Amino acid sequence: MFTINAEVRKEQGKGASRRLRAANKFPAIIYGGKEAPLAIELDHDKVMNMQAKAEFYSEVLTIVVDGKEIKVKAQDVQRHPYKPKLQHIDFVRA
Amino acid sequence: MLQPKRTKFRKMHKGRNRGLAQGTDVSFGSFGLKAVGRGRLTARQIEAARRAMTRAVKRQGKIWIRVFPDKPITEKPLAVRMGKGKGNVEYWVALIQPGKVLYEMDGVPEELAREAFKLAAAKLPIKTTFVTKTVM
Amino acid sequence: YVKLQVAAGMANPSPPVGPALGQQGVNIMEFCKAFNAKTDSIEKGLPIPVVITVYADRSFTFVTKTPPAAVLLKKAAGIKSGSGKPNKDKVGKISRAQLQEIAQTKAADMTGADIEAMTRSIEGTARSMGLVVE
Amino acid sequence: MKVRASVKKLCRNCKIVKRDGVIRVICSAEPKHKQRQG
Amino acid sequence: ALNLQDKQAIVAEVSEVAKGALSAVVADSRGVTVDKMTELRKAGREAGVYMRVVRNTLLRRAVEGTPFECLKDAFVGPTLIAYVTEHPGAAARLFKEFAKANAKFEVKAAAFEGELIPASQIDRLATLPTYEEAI
Amino acid sequence: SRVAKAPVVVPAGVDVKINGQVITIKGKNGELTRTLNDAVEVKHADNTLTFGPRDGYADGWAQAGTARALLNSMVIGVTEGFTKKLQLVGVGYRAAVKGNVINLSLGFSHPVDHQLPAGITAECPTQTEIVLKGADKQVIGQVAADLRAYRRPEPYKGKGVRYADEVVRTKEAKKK
RNA sequence: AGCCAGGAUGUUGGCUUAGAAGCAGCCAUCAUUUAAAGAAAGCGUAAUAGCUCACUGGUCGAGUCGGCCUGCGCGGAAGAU
RNA sequence: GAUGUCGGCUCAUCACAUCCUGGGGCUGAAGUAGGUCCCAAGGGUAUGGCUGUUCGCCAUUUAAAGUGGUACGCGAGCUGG
Ligand SMILES: [Mg+2]
Ligand SMILES: [Mg+2]
Ligand SMILES: [Mg+2]
Ligand SMILES: [Mg+2]
Ligand SMILES: [Mg+2]
Ligand SMILES: [Mg+2]
Ligand SMILES: [Mg+2]
Ligand SMILES: [Mg+2]
Ligand SMILES: [Mg+2]
Ligand SMILES: [Mg+2]
Ligand SMILES: [Zn+2]
């Protein structure tokens with residue numbers, strides 16, 4: 001079972017997202033269902049190592065956002081144009 | 001040697017080569033040779049690299065060339081002054097932006113594709129990286 | 001100390017055995033007749049391998065070994081020469097009863113413990129020469 | 001001695017060594033494998 | 001490369017043959033060609049003796065399950081085991097002639113009755129005849 | 001580091017004198033003195049010598065391993081001693097010792113006279129053999145290299161001055 | 001990592017060749033005794049031999065190996081008063 | 001409201017990408033003689049036949065007959081093909 005630790009984003013936009021990536025973090029989104037979409041920030045190294053396993057894209061993952069647990073599935077991924085880095089991830093509520 | 005069979009126009013404005021590539025994933029094969037740098041690949045460079053990777057795999061597996069030299073390059077010969085018309089088309093280039101997957105391969109083990117792509121990369125004017133197919 | 005493969009009732013010509021063992025210091029007329037006197041029981045048209053043991057005083061003692069595995073598979077299938085490209089070109093056929101016949105003869109030189117162990121060692125010599133098991 | 005920009009190990013007996021700020025290839029088996037970066 | 005699955009399996013195969021056999025011989029075999037060894041393997045299988053070279057760490061593990069837990073102090077240097085599963089003896093006599101005729105190695109220690117036999121007192125399991133001798 | 005951490009056992013009869021970085025090791029086979037690099041902290045105590053890095057020195061452990069290695073072969077030097085054997089290969093190639101001078105006949109117009117340094121002694125058991133003996137591992141190695149240098153082994157016949165333990169690979173001349 | 005020891009049998013695999021016996025080439029690349037040993041990674045022979053590696057048992061006794069993201073350096077680097 | 005052009009003669013001066021001589025590594029370096037690269041600028045580095053020639057071809061030398069920069073060095077220094 002994949003357990004991802006996330007924090008809600010205090011900011012949004014181009015400036016804020018590039019600042020996250022410069023701090024070894026990256027933005028991500030959780031959407032689907034009746035709930036409002038949740039904009040989150042992830043640790044780059046932790047999620048990068050996880051997604052190296054094929055099970056990350058098939059299994060139901062759990063995002064831990066301030067104590068609360070969110071059951072999700074990896075929906076889409078924006079990878080860096082040429083480096084082995086992640087730019088953004090879409091999670092759909094499972 | 002790659003070249004458009006026919007074109008609407010013979011000559012093209014110099015233009016610029018800003019931005020990041022479209023077609024950054026391994027879409028057909030198992031492995032890919034990706035551009036890390038920005039530049040122009042000539043038809044001769046593309047053919048030299050295609051030959052190097054093909055010899056390496058002993059013409060086994062399958063090879064895809066994701067790039068096409070569709071941009072005509074003109075040149076003015078020696079002892080010719082400025083003006084008096086745009087020069088003559090001499091060769092064709094593909095514009096390359098960081099991230100383009102240039103070549104793809106499958107039907108061969110990873111170690112052989114890495115070696116074939118290492119040999120092909122030594123013919124190219126731009127820095128490259130070895131990439132693998134991903135799940136989404 | 002040298003290893004050679006000479007015929008059952010033939011030992012004397014210059015091209016196969018002549019200056020091959022004679023260069024070391026072995027008597028050409030003494031060995032040639034002492035070898036054929038012991039290999040007289042061995043059937044006509046079967047190359048028999050012999051190992052030579054020589055000392056400092058030019059003297060010699062030999063131990064006769066059983067015919068080779070690639071040699072017995074030719075007479076059992078009915079062929080003079082093997083395949084140029086083995087497993088790519090089939091030149092003959094040998095039954096399971098013929099595999100145990102070569103193995104029972106080779107038992108004196110083989111390393112195997114059981115009959116099934118010696119039979120598989122002849123199966124490998126057959127595949128590497130183009131002869132298929134049928 | 002081969003003097004070139006690209007100095008590499010050419011066999012298992014080749015050894016890369018830095019002597020006085022110069023990368024060299026010293027070989028115990030083949031004299032033709034002796035290199036100096038330059 | 002030997003994995004732990006491989007190591008556990010080798011302990012298992014030598015622990016099973018430890019239980020069934022009657023007389024076990026522990027010896028050195030360093031500096032002996034394969035020609036002389038394949039000759040002692042033919043002389044071993046014939047006499048109903050099981051022949052093996054096992055890592056001394058793997059032996060201390062197969063022997064812990066009793067009664068050879070005295071052969072521990074012989075698992076220092078190259079170790080070769082001779083497990084006689086058919087008729088007690090056979091090996092202790094086969095090894096003594098192989099040692100004297102080849103001059104190499106020394107033969108460490110022997111085991112029988114769940115008791116340790118020193119390098120000098122191996123004349124006890126060397127003078128014992130057949131089963132098959134009482135008649 | 002693995003070399004530095006391995007203590008040097010000073011045997012009975014060997015005297016050790018430490019004056020900061022200066023170490024004097026006296027024995028039956030002579031006396032040797034070395035000044036260790038400032039990065040090396042040497043400790044005596046018991047029948048052993050221990051070596052460690054000195055605080056504030058970036059290469060302490062690499063230096064302590066060198067110092068260890070040196071002091072170990074100093075101890076061996078003043079007890080057992082060192083022996084370098086050389087052998088002359090080639091027609092007319094001969095050697096002889098006259099006190100502290102090695103007379104070498106090596107195919108030159110003039111015979112070669114090599115003056116031995118303090119602490120190194122030579123003896124010729126054969127006209128084609130040189131045996132060097134001394135306490136200093138570095139100095140005996142230097143003398144053996146100097147003698148070999150007069151005629152280094154050639155690749156076509158193996159001719160020259162070679163070390164006894166030397167492997168001289170020969171080759172065939174260009175064909176035709 | 002180093003050091004001690006082994007690196008076997010069928011078999012000189014088959015074809016080819018004056019010869020090709022792991023080691024010119026071409027094709028196959030199993031099986032046995034096994035702790036392990038490629039029908040052989042390189043040198044050597046006219047062909048053999050002989051030397052060594054892949055691999056494995058012993059010794060030693062706590063670390064060791066090389067990919068990834070990055071900072072700063074090194075070589076590549078020859079010119080005329 | 002003028003910075004005289006090619007070549008020669010005379011006189012040179014610097015660079016080194018070194019022609020010779022010096023040191024050295026590799027060699028498909030037995031020796032003699034070579035090939036290639038590294039180091040090295042201390043000195044040395046033809047005369048003639050033809051052509052305005054520089055160059056080039058040719059003859060005969062020499063250890064060698066270097067490659068370039070200097071307003072394609074040098075006409076208030078000469079020549080004037
Ligand atoms: Mg902005
Ligand atoms: Mg130096
Ligand atoms: Mg080890
Ligand atoms: Mg004026
Ligand atoms: Mg220079
Ligand atoms: Mg060159
Ligand atoms: Mg000069
Ligand atoms: Mg000349
Ligand atoms: Mg001028
Ligand atoms: Mg005038
Ligand atoms: Zn090498």
# chains A, B, ... in the order shown; residues from 1 in each chain; ligands from 1
$ residues_around --residues "segment 50-58 of chain E" --least-positions-apart "6" --cutoff "10 Å" --atoms "only C-alpha atoms (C1' of nucleotides)" --output "PDB file with C-alpha atoms (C1' of nucleotides), in the first residue's frame"
ATOM      1  CA  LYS E   7      22.393 -21.848   1.838  1.00  0.00           C
ATOM      2  CA  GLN E   8      19.280 -23.150   3.724  1.00  0.00           C
ATOM      3  CA  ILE E  10      22.466 -27.084   1.353  1.00  0.00           C
ATOM      4  CA  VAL E  11      22.118 -27.239   5.181  1.00  0.00           C
ATOM      5  CA  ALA E  12      18.840 -29.250   4.658  1.00  0.00           C
ATOM      6  CA  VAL E  14      23.482 -32.405   4.485  1.00  0.00           C
ATOM      7  CA  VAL E  17      22.195 -37.402   5.075  1.00  0.00           C
ATOM      8  CA  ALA E  21      24.511 -42.409   7.788  1.00  0.00           C
ATOM      9  CA  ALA E  24      31.229 -39.910   8.934  1.00  0.00           C
ATOM     10  CA  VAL E  25      34.779 -38.862   7.837  1.00  0.00           C
ATOM     11  CA  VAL E  26      36.004 -35.187   7.897  1.00  0.00           C
ATOM     12  CA  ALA E  27      39.240 -34.399   5.952  1.00  0.00           C
ATOM     13  CA  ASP E  28      41.321 -31.809   3.984  1.00  0.00           C
ATOM     14  CA  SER E  29      41.585 -31.958   0.133  1.00  0.00           C
ATOM     15  CA  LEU E  40      37.754 -41.130  -5.150  1.00  0.00           C
ATOM     16  CA  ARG E  41      34.090 -40.274  -6.089  1.00  0.00           C
ATOM     17  CA  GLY E  44      33.056 -43.716  -2.769  1.00  0.00           C
ATOM     18  CA  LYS E  72      32.836 -28.515  15.084  1.00  0.00           C
ATOM     19  CA  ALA E  74      37.450 -29.822  12.473  1.00  0.00           C
ATOM     20  CA  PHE E  75      35.566 -27.109  10.464  1.00  0.00           C
ATOM     21  CA  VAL E  76      38.747 -24.906  10.188  1.00  0.00           C
ATOM     22  CA  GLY E  77      40.466 -25.190   6.762  1.00  0.00           C
ATOM     23  CA  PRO E  78      39.194 -26.953   3.563  1.00  0.00           C
ATOM     24  CA  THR E  79      36.588 -29.534   4.688  1.00  0.00           C
ATOM     25  CA  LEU E  80      35.474 -32.643   2.718  1.00  0.00           C
ATOM     26  CA  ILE E  81      32.798 -34.985   4.212  1.00  0.00           C
ATOM     27  CA  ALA E  82      32.392 -38.748   3.687  1.00  0.00           C
ATOM     28  CA  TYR E  83      28.931 -39.889   4.893  1.00  0.00           C
ATOM     29  CA  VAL E  84      28.599 -43.738   4.809  1.00  0.00           C
ATOM     30  CA  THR E  85      24.827 -44.429   4.487  1.00  0.00           C
ATOM     31  CA  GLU E  86      25.391 -48.168   3.591  1.00  0.00           C
ATOM     32  CA  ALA E  91      35.279 -44.252   4.014  1.00  0.00           C
TER      33      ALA E  91
ATOM     34  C1'   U G  34      30.480 -31.664  -9.215  1.00  0.00           C
ATOM     35  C1'   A G  35      32.596 -27.088  -4.069  1.00  0.00           C
ATOM     36  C1'   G G  57      36.300 -24.325  -1.482  1.00  0.00           C
ATOM     37  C1'   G G  58      39.844 -22.211   2.273  1.00  0.00           C
TER      38        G G  58
END
$ residues_near_ligand --ligand "ligand 9" --cutoff "10 Å" --atoms "only C-alpha atoms (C1' of nucleotides) and all ligand atoms" --output "list in words"
residues 5, 6, 70, 71, 72, 73 and 74 of chain H
$ select_by_dssp --residues "chain C" --states "strand (DSSP E)" --output "PyMOL selection string"
chain C and resi 3-6+48-54+60-64+93-94+132-133
$ residues_near_ligand --ligand "ligand 11" --cutoff "10 Å" --atoms "only C-alpha atoms (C1' of nucleotides) and all ligand atoms" --output "ChimeraX atom specification"
/D:8-15,25-35
$ interface_residues --of "chain F" --to "chain H" --cutoff "8 Å" --atoms "only C-alpha atoms (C1' of nucleotides)" --output "number ranges by chain"
F: 156, 173-174
$ closest_atom_pairs --of "chain H" --to "ligand 7" --cutoff "9 Å" --atoms "only C-alpha atoms (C1' of nucleotides) and all ligand atoms" --output "JSON lines"
{"residue": "H:41", "atom": "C1'", "partner": "ligand 7", "partner_atom_place_in_ligand_line": "1 (Mg)", "distance": 5.2}
{"residue": "H:42", "atom": "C1'", "partner": "ligand 7", "partner_atom_place_in_ligand_line": "1 (Mg)", "distance": 8.0}
{"residue": "H:43", "atom": "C1'", "partner": "ligand 7", "partner_atom_place_in_ligand_line": "1 (Mg)", "distance": 7.0}
{"residue": "H:44", "atom": "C1'", "partner": "ligand 7", "partner_atom_place_in_ligand_line": "1 (Mg)", "distance": 7.8}
{"residue": "H:45", "atom": "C1'", "partner": "ligand 7", "partner_atom_place_in_ligand_line": "1 (Mg)", "distance": 8.8}
$ residues_near_ligand --ligand "ligand 8" --cutoff "12 Å" --atoms "only C-alpha atoms (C1' of nucleotides) and all ligand atoms" --output "count of residues only"
8
$ residues_near_ligand --ligand "ligand 6" --cutoff "10 Å" --atoms "only C-alpha atoms (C1' of nucleotides) and all ligand atoms" --output "PyMOL selection string"
(chain D and resi 2-3) or (chain H and resi 36-37)
$ residues_near_ligand --ligand "ligand 2" --cutoff "12 Å" --atoms "only C-alpha atoms (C1' of nucleotides) and all ligand atoms" --output "PyMOL selection string"
chain D and resi 18-22
$ write_last_selection --atoms "N, CA and C atoms" --output "mmCIF file, in the first residue's frame"
data_model
loop_
_atom_site.group_PDB
_atom_site.id
_atom_site.type_symbol
_atom_site.label_atom_id
_atom_site.label_comp_id
_atom_site.auth_asym_id
_atom_site.auth_seq_id
_atom_site.Cartn_x
_atom_site.Cartn_y
_atom_site.Cartn_z
ATOM 1 N N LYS D 18 45.947 9.633 -11.830
ATOM 2 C CA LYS D 18 46.193 11.061 -11.937
ATOM 3 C C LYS D 18 47.561 11.310 -11.312
ATOM 4 N N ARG D 19 48.537 11.696 -12.146
ATOM 5 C CA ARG D 19 49.904 12.040 -11.758
ATOM 6 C C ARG D 19 50.129 13.511 -12.057
ATOM 7 N N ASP D 20 50.342 14.331 -11.025
ATOM 8 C CA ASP D 20 50.657 15.767 -11.122
ATOM 9 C C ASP D 20 49.629 16.598 -11.969
ATOM 10 N N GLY D 21 48.355 16.270 -11.796
ATOM 11 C CA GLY D 21 47.199 16.929 -12.394
ATOM 12 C C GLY D 21 46.901 16.486 -13.804
ATOM 13 N N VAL D 22 47.560 15.402 -14.268
ATOM 14 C CA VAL D 22 47.389 14.838 -15.611
ATOM 15 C C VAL D 22 46.778 13.450 -15.528
#
$ residues_near_ligand --ligand "ligand 4" --cutoff "12 Å" --atoms "only C-alpha atoms (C1' of nucleotides) and all ligand atoms" --output "ChimeraX atom specification"
/H:1-3
$ residues_near_ligand --ligand "ligand 5" --cutoff "10 Å" --atoms "only C-alpha atoms (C1' of nucleotides) and all ligand atoms" --output "NGL selection string"
(:G and (78)) or (:H and (16-18 or 38-41))
$ residues_near_ligand --ligand "ligand 10" --cutoff "9 Å" --atoms "only C-alpha atoms (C1' of nucleotides) and all ligand atoms" --output "MDAnalysis selection string"
chainID H and resid 75:78
$ atom_distance --atom1 "atom CA of residue 77 of chain F" --atom2 "atom CA of residue 8 of chain F"
13.2 Å
$ residues_near_ligand --ligand "ligand 3" --cutoff "9 Å" --atoms "only C-alpha atoms (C1' of nucleotides) and all ligand atoms" --output "PyMOL selection string"
chain G and resi 1-2+60
$ atom_distance --atom1 "atom CA of residue 87 of chain C" --atom2 "atom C1' of residue 16 of chain G"
17.5 Å
$ atom_distance --atom1 "atom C1' of residue 37 of chain G" --atom2 "atom CA of residue 120 of chain C"
19.5 Å
$ residues_near_ligand --ligand "ligand 1" --cutoff "12 Å" --atoms "only C-alpha atoms (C1' of nucleotides) and all ligand atoms" --output "list in words"
residues 13, 14, 15, 16, 17, 18 and 19 of chain A
$ select_by_dssp --residues "chain C" --states "helix (DSSP H, G or I)" --output "VMD selection string"
chain C and resid 18 to 21 28 to 38 69 to 77 96 to 106 115 to 127
$ interface_residues --of "chain B" --to "chain A" --cutoff "8 Å" --atoms "only C-alpha atoms" --output "list in words"
residues 20, 21, 24, 34, 35, 36, 98, 99, 129, 135 and 136 of chain B
$ write_last_selection --atoms "N, CA and C atoms" --output "short mmCIF file (atom, residue, chain, number, x, y, z; two decimals), in the first residue's frame"
data_model
loop_
_atom_site.label_atom_id
_atom_site.label_comp_id
_atom_site.auth_asym_id
_atom_site.auth_seq_id
_atom_site.Cartn_x
_atom_site.Cartn_y
_atom_site.Cartn_z
N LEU B 20 10.24 24.27 -25.59
CA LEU B 20 10.43 22.86 -25.22
C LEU B 20 9.74 21.97 -26.23
N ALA B 21 10.23 20.75 -26.41
CA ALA B 21 9.74 19.83 -27.43
C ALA B 21 8.33 19.30 -27.19
N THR B 24 7.77 14.00 -26.26
CA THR B 24 8.75 13.76 -25.20
C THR B 24 8.66 12.39 -24.56
N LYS B 34 16.73 10.76 -26.43
CA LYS B 34 16.10 12.05 -26.21
C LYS B 34 17.09 13.19 -26.26
N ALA B 35 16.66 14.35 -26.83
CA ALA B 35 17.48 15.56 -26.87
C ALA B 35 17.38 16.25 -25.51
N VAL B 36 18.55 16.63 -24.97
CA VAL B 36 18.71 17.37 -23.73
C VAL B 36 19.03 18.83 -24.12
N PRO B 98 14.83 21.08 -26.26
CA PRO B 98 15.06 20.12 -25.17
C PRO B 98 13.82 19.28 -24.91
N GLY B 99 14.04 17.97 -24.91
CA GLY B 99 12.99 17.00 -24.66
C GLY B 99 12.52 16.11 -25.80
N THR B 129 20.08 11.96 -23.95
CA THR B 129 19.89 11.08 -22.81
C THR B 129 19.14 9.83 -23.24
N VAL B 135 4.52 3.91 -17.89
CA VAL B 135 3.08 3.66 -17.70
C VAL B 135 2.54 5.07 -17.44
N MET B 136 1.86 5.66 -18.43
CA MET B 136 1.33 7.05 -18.42
C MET B 136 2.42 8.16 -18.24
#
$ residues_around --residues "residue 142 of chain F" --least-positions-apart "4" --cutoff "12 Å" --atoms "only C-alpha atoms (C1' of nucleotides)" --output "list in words"
residues 84, 116, 117, 120, 132, 134, 136, 137, 138, 146, 147, 148 and 149 of chain F
$ write_last_selection --atoms "C-alpha atoms" --output "JSON list (two decimals), in the first residue's frame"
[["chain", "number", "residue", "atom", "x", "y", "z"],
["F", 84, "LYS", "CA", 67.24, -7.60, -3.41],
["F", 116, "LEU", "CA", 77.16, 1.58, -2.98],
["F", 117, "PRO", "CA", 75.64, 3.98, -0.37],
["F", 120, "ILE", "CA", 73.84, -1.23, 1.55],
["F", 132, "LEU", "CA", 72.02, -6.55, -2.05],
["F", 134, "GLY", "CA", 70.34, -3.45, 3.96],
["F", 136, "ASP", "CA", 66.41, 0.71, 4.44],
["F", 137, "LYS", "CA", 63.65, -0.71, 2.12],
["F", 138, "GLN", "CA", 63.70, 2.55, 0.06],
["F", 146, "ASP", "CA", 70.11, 2.14, -10.36],
["F", 147, "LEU", "CA", 71.92, -1.20, -11.22],
["F", 148, "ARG", "CA", 69.03, -2.35, -13.45],
["F", 149, "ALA", "CA", 69.13, 1.11, -15.23]]
